[PDB]
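Numbering (the entry's author numbering), first residue to last: 1 to 97. Quick notes on the structure that follows.
Written out as structure tokens, the structure reads:
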């Protein structure tokens, strides 16, 4: 099931997933793809997936197949990195000493 028909739409085999690695190497971070359970109807099953960079938890994503899922999850991740705008987790309280 492999053809060479590409024009308006691009069906690259894991486009985003490729952008991640290219970043994990340059920067030097650790990217991990956690395989989440399946969610959806009995007829149509959607496999969820998520990526983890620098011990960070990214917003998983749904996808027809493991691939479609992984690629999607990466979309949200790569979209963030480009901005690298992370939100502070631990709020420095009155702790002064």
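No residue lacks a Cβ here, since even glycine has one placed at the ideal position from N, Cα and C.
Discussion item. In the DSSP output, which residue or residues are listed as bridge partners for residue 52?
Written reply: 32
Worksheet item: Three-state secondary structure (DSSP) at residue 15?
Response: Of the three classes helix, strand and coil, the one that applies to residue 15 here is helix, per DSSP.
Practice prompt. Report buried or exposed for residue 25, applying the criterion of at least 16 other Cβ atoms within 10 angstroms of its Cβ.
Written response: The C-beta of residue 25 has fewer than 16 other C-beta atoms within 10 Å across all chains shown, which makes the residue exposed.
Fill in: Own chain, CB closer than 8 angstroms to residue 65, minus 5 neighbours either side, in chain order
47
Worksheet item: Quick one, are the C-beta atoms of residue 73 and residue 54 less than 8 angstroms apart?
Response: No, they are not a contact pair.
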